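Line by line, the protein sequences give chains A and B.
Numbered according to PDB author numbering, the first sequence spans residues 1 to 258, 265 to 543.
Numbered according to PDB author numbering, the second sequence spans residues 4 to 258, 264 to 543.
Here a beta-carbon is modelled for each residue, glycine too, at the ideal position from N, C-alpha and C.
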Amino acid sequence: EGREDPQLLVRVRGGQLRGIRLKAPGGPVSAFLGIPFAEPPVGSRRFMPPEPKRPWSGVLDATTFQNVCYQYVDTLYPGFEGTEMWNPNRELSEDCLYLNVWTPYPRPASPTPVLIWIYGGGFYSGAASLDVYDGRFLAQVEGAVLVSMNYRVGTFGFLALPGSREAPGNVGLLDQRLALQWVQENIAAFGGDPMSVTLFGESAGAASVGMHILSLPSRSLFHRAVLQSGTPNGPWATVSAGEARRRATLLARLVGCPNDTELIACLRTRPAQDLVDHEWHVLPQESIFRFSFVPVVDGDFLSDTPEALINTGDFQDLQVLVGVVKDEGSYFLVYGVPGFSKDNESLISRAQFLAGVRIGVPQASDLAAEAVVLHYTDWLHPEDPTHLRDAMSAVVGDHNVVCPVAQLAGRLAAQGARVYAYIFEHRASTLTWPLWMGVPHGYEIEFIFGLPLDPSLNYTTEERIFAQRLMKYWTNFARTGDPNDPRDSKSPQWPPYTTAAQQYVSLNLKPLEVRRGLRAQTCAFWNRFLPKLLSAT
Amino acid sequence: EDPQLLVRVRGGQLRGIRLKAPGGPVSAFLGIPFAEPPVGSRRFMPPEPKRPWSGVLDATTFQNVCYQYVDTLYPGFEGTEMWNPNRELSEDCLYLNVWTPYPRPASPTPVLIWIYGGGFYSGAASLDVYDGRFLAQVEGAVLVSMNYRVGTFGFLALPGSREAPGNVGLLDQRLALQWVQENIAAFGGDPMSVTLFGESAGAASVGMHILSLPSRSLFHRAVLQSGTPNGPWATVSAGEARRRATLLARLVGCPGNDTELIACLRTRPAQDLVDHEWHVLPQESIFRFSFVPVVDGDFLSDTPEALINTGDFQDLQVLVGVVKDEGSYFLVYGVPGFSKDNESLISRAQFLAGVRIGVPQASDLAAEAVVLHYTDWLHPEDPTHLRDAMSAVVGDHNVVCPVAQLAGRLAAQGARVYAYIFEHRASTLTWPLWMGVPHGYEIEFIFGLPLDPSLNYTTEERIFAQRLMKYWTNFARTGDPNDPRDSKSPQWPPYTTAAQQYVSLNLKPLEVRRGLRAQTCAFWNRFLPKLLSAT
Ligand SMILES: CCNC(=O)c1ccc(C)c([N+](=O)[O-])c1
Ligand SMILES: CCNC(=O)c1ccc(C)c([N+](=O)[O-])c1
Ligand SMILES: *[C@@H]1O[C@H](CO)[C@@H](O)[C@H](O)[C@H]1NC(C)=O
Ligand SMILES: *[C@@H]1O[C@H](CO)[C@@H](O)[C@H](O)[C@H]1NC(C)=O
Ligand SMILES: *[C@@H]1O[C@H](CO)[C@@H](O)[C@H](O)[C@H]1NC(C)=O
């Protein structure tokens with residue numbers, strides 16, 4: 001070794017690691033990037049569950065982010081920062097099961113609460129190595145141990161022939177689990193407390209957190225959970241065994257493949279890009295907010311549907327922070343609803359609205375679609391292009407995030423959980439999306455990871471203090487199971503969401519504001535009425 | 004004897020009576036017959052013009068009330084008895100009443116003609132709240148109210164039969180209108196300026212006079228308060244009218265052959281028919297009536313919905329409106345949990361139970377939709393919100409949303425519409441606080457009753473009453489509720505499909521609101537139909 005920084009050499013079950021000393025605005029942090037936690041799921045291991053990483057020789061260099069799991073690359077607005085920032089920033093490869101660790105520098109004296117991050121990207125995209133998931137700010141400012149993983153996505157993560165040995169489904173979720181076990185065994189070598197692991201994720205990642213809450217084997221690997229704008233229940237996060245089998249079979253046909267063994271084997275001999283190229287082609291209806299290859303109800307990882315499981319399971323032992331952004335849906339409109347674009351005000355007609363509702367709610371019968379339309383129409387101004395545009399966004403937002411989240415907060419709370427809830431209402435001054443999209447899906451993340459503290463990012467000063475507040479919320483929660491600062495009860499208190507009072511707080515530049523009822527009336531429509539209506543057509 | 008009280012009409016001579024209003028005398032002519040008594044073999048038949056008479060006919064008292072059910076829900080209680088008949092009951096009831104200034108009007112004066120409510124099963128023009136002396140004395144108006152046959156006697160129908168063809172209660176009204184044309188000029192009334200106005204079943208009657216071509220030459224303007232011809236209660240198909248008449252006949256112990269069926273029904277004391285009146289409804293209901301106008305293809309060429317959807321109303325002027333709490337009055341007449349004597353706090357169970365009764369015709373799924381829409385999900389079980397939501401369901405379903413639909417279709421197809429909501433609860437009111445401003449309690453004020461000192465109304469209620477009296481009569485003179493002399497805004501603007509503007513009648517100055525329960529009425533008018541039509 002000799003001449004290395006001796007605070008960056010660490011040993012884990014797989015061997016020795018050299019990390020890197022990174023600059024954060026307030027001082028240095030330790031980073032161990034590209035730690036392999038599974039055997040590269042390639043060749044005959046494609047579609048298969050992850051195997052633990054076989055131990056290596058020598059010091060593994062862990063100073064750079066590793067490959068991004070093979071995935072679709074968004075080309076809606078090429079070069080535009082707003083979409084490009086989600087796009088993969090390392091090489092695409094099937095060899096991609098690696099995780100990252102940030103810690104204080106030097107590494108902490110006594111055992112430190114751990115935060116594990118699970119990225120979203122609709123189960124078809126995403127990586128732990130994007131700028132918005134930079135653990136350096138949490139680690140430096142809050143002294144946290146931050147961990148984030150890659151997990152397989154798209155076909156490679158979630159293609160399934162349910163019941164088969166060679167493609168049992170959900171292997172991307174099993175990737176996430178393996179990382180959680182890895183954390184248990186190795187995080188104490190970094191000064192992390194493996195008896196205080198808080199998961200947190202966004203969209204698809206929030207959904208993943210949810211499925212770990214609902215899968216028995218995972219529940220012993222963490223103690224608290226944060227779900228940001230995403231749920232295991234709801235219309236997009238899961239599929240039946242039946243529907244997964246249909247999509248898997250169609251994709252096989254689409255790329256050349258005619265018994266499940268035979269079929270899987272031929273899929274294994276296809277180049278990854280040939281699978282990615284045809285991935286969007288197996289959806290049942292012209293839709294938005296629907297993703298082809300997602301977690302499946304197999305009766306194993308998920309013993310029943312998430313709706314069933316939250317309707318029944320016990321949750322006294324659980325502490326959970328959940329919330330949403332103001333304008334969840336607007337982001338998704340430009341990927342399919344005719345009339346929407348980042349480049350104009352997206353003022354649509356009533357006829358574009360009706361057509362939009364059929365796309366936003368692809369599984370709705372004619373009657374149900376009319377019900378949605380009748381509910382979201384403003385009958386004072388039923389043709390006002392502004393009111394229609396905003397209503398369309400609200401339809402997609404409410405159906406896919408806000409009412410699943412409200413139903414989740416509702417069910418958990420009643421069943422013993424300590425639930426804390428927020429709506430995130432601040433539009434980043436640095437936002438590149440148009441004003442009409444409001445506070446769009448995914449743009450709370452930048453503040454929780456604390457990017458505004460990077461002087462060079464041109465955020466405002468009040469935005470700096472704001473990000474500081476959230477980091478305190480998330481970490482206080484992670485430390486205690488409670489967002490509120492213990493010593494600081496002069497500032498307004500964040501109360502738990504109860505079924506009786508349905509309280510939640512506003513997250514904005516102003517101090518905490520307690521609100522009652524989480525879009526209560528409109529979610530009665532989506533959660534109580536609509537399923538009865540589809541179940542009578 | 005007094006020459007002002009001496010009027011000659013086509014049929015002969017009348018003696019009226021001089022009455023004291025608080026500010027001066029009025030001339031009243033009460034008990035004027037406009038039709039041959041529909042008794043005996045002429046029961047169920049259309050009315051016929053009154054034969055001429057000798058001598059001077061005494062018209063100084065109210066005549067008999069059309070034979071009808073008498074309410075017994077709260078015996079002795081003013082709140083229900085004030086609707087009960089205040090003269091003897093008879094089938095011999097086709098008589099009308101006329102109030103004019105004293106002395107008689109020098110110039111042809113605009114005429115207001117009033118058509119009572121009572122669900123087409125009750126009512127009389129002699130009720131104290133329909134007293135036309137105040138409008139006559141104060142606004143110098145000529146005011147005319149009629150009786151018309153109600154219940155079985157006015158609306159029992161064996162459609163397509165000679166003997167019980169339906170709608171004769173409406174035809175009674177129409178003959179009274181033909182009478183006003185022919186005779187009102189002798190009282191100083193202007194037959195070229197006749198305004199109809201009525202409440203609930205009366206408002207619906209008015210509605211049906213608008214939608215029936217023969218009536219359209221008998222009036223020029225219309226006021227519909229708290230009722231509409233469209234909606235779930237004011238009409239029945241020919242199929243269902245035939246059903247109820249057949250059934251009532253078997254209950255009364257009759258029988264095929266329409267003729268043989270209506271013949272035996274004619275040989276029955278009136279009470280034997282009224283006794284079984286409520287027993288022919290198809291489901292357990294509230295705000296549903298056994299014998300009402302029928303879509304017979306004659307008086308009503310097609311259904312009221314269909315007719316308002318296609319008619320041309322280009323030179324029509326209409327004043328429509330509701331009270332704040334339409335449904336509350338009706339809850340105590342059959343929804344478990346509700347009462348004049350409690351504060352009617354109800355459980356969620358009782359609320360789901362009441363919706364099946366509020367909306368008797370609804371499928372399982374449709375009632376599920378009602379409950380889910382009216383529940384307050386911040387407070388899903390709070391007995392007060394549930395009670396207030398029950399009242400709102402009945403109100404909205406039966407009055408407010410029919411009104412919004414009519415107001416919309418009329419304005420859209422040429423008509424000039426003025427819309428209101430009445431939000432003042434009478435200080436003299438005998439019903440409990442929880443019912444708020446119940447169905448029926450604007451009439452006291454439109455007719456000017458607060459101007460009588462002995463009624464013990466408050467000073468401001470006297471002042472409010474005068475305002476309403478002036479809206480209504482101004483409307484009668486011009487087709488426009490607004491004073492042409494006061495120069496102070498706000499003004500009462502026309503209801504339009506675009507702006508959906510209406511106003512609030514209460515003690516405070518006029519206030520213009522937009523959207524008459526727009527979101528909720530979309531549910532009832534647009535969605536709910538598509539839903540029953542898929543179960
Ligand atoms: C040209 C092909 N691309 C898509 O279909 C696509 C990409 C991204 C997203 C989020 C969605 N979506 O919301 O359904 C669709
Ligand atoms: C005991 C018999 N009485 C009735 O059925 C009745 C009387 C009045 C009213 C308004 C109603 N209603 O609401 O249908 C019913
Ligand atoms: C916005 O742009 C898209 C595509 O460029 C177009 O289809 C849509 O009609 C436009 N809308 C407006 C209001 O200009
Ligand atoms: C921040 O502002 C400076 C101008 O002072 C500019 O050169 C730089 O590119 C900006 N950076 C970002 C990320 O906006
Ligand atoms: C209201 O009072 C009546 C009078 O007997 C009673 O039957 C009814 O049960 C009462 N309802 C409630 C909710 O107290």
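Item                                                                                                                                                                                         : Value
Within 8 Å, do at least three Cβ pairs link the segment 69-77 of chain B to the segment 532-543 of chain A?                                                                                  : no
Against chain A, with Cβ distances strictly below 8 Å, would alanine 207 of chain B count as a contact?                                                                                      : no
Answer yes or no: does any C-beta atom of chain B fall closer than 8 Å to that of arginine 364 of chain A?                                                                                   : no
Output the distance between the C-alpha atoms of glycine 122 of chain A and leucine 353 of chain B, rounded to the nearest integer angstrom.                                                 : 48 Å
On the CB-based measure, 16 or more other CB atoms within 10 Å of its CB, does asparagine 350 of chain A come out buried or exposed?                                                         : exposed
List the residues of chain A whose Cβ lies closer than 7 Å to the Cβ of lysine 348 of chain B, in chain order.                                                                               : The contacting residues do not exist; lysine 348 of chain B stays about 32 Å from chain A at best.
Can you pull every residue whose C-beta falls closer than 6 Å to some heavy atom of ligand 4, listed in chain order?                                                                         : A:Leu463, A:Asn464
Along the segment 516-533 of chain A, where does the CB come closer than 9 Å to a CB of chain B? Name the residues.                                                                          : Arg522, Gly523, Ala526, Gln527, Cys529, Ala530, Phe531
Pick out the complete beta strand (DSSP E) segments inside the segment 146-222 of chain A, 3 residues or longer, and give them in chain order.                                               : 192-202
CB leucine 115 of chain B to CB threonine 198 of chain B, shorter than 8 Å?                                                                                                                  : yes
For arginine 152 of chain A versus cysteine 69 of chain A, is the C-beta spacing smaller than 8 Å?                                                                                           : yes
Which of the residues in the segment 315-331 of chain B, read from start to end, lie with their CB under 7 Å from any CB of chain A?                                                         : none
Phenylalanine 156 of chain A: which of A:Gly34, A:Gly43, A:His387, A:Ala314 sits nearest, CA to CA?                                                                                          : A:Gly43
List the residues of chain A that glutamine 508 of chain B touches, going by C-beta distances under 7 Å, in chain order.                                                                     : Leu386
Determine, for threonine 383 of chain B, whether the minimum Cβ-Cβ distance to residues of chain A falls below 8 Å.                                                                          : yes
Thinking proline 88 of chain B and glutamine 71 of chain B are a contact (beta carbons under 8 Å), I'd like their distance in whole angstroms, please.                                       : 7 Å
Which residues bound the beta strand (DSSP E) around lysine 23 of chain A?                                                                                                                   : 20-24
Compute every distance between the C-beta of residue 563 of chain A and the non-hydrogen atoms of ligand 1, then say whether any falls below 7 Å.                                            : Because chain A is modelled from 1 through 543, residue 563 of chain A falls outside the range shown and cannot be assessed.
Looking only at its chain, what residues have a beta carbon closer than 7 Å to the beta carbon of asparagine 482 of chain B, apart from the 5 residues adjacent to it on each side?          : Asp488, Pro489, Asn490, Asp491
Hey, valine 171 of chain A and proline 312 of chain A: beta-carbon distance below 8 Å or not?                                                                                                : no
Look up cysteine 69 of chain A in the DSSP assignment and give the residues it is bridged to.                                                                                                : A:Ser93
Near ligand 5, which residues have their beta-carbon less than 5 Å from any of its heavy atoms, given in chain order?                                                                        : B:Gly345, B:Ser347, B:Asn350
Measuring CB to CB, does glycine 120 of chain B end up less than 8 Å from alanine 204 of chain B?                                                                                            : yes
Can you list, in chain order, the residues of its chain with a C-beta nearer than 6 Å to that of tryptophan 480 of chain A? Leave out the 5 residues immediately preceding and following it. : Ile454
Considering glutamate 519 of chain B, what are the terminal residues of the beta strand (DSSP E) in which it resides?                                                                        : 519-522
Between the segment 466-473 of chain B and the segment 179-188 of chain B, are three or more C-beta pairs nearer than 8 Å?                                                                   : no
Mind checking residue 549 of chain A: buried by the 16 CB within 10 Å criterion, or exposed?                                                                                                 : Since the first and last residues shown for chain A are 1 and 543, residue 549 of chain A lies out of range.
Going straight from the alpha carbon of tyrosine 428 of chain B to that of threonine 231 of chain A, what length do you get?                                                                 : 47 Å
Taking 8 Å as the CB-CB cut-off, is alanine 375 of chain A touching chain B?                                                                                                                 : no
Checking the sheet assignment: what are the DSSP bridge partners for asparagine 100 of chain A?                                                                                              : A:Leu33, A:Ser148
Which two residues bound the contiguous beta strand (DSSP E) that contains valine 114 of chain B?                                                                                            : 112-118
Cα separation between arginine 274 of chain B and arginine 46 of chain B?                                                                                                                    : 7 Å
Is there a Cβ of chain B sitting closer than 8 Å to that of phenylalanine 535 of chain A, yes or no?                                                                                         : yes
Using 10 angstroms around the beta-carbon of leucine 9 of chain A, count the other beta-carbons present and answer buried if the total reaches 16, otherwise exposed.                        : exposed
Could you give the uninterrupted runs of the alpha helix (DSSP H) lying entirely in the segment 315-345 of chain A, keeping only those of 4 residues or more?                                : 336-339
Taking Cβ positions only, does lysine 538 of chain A come closer than 8 Å to chain B?                                                                                                        : yes
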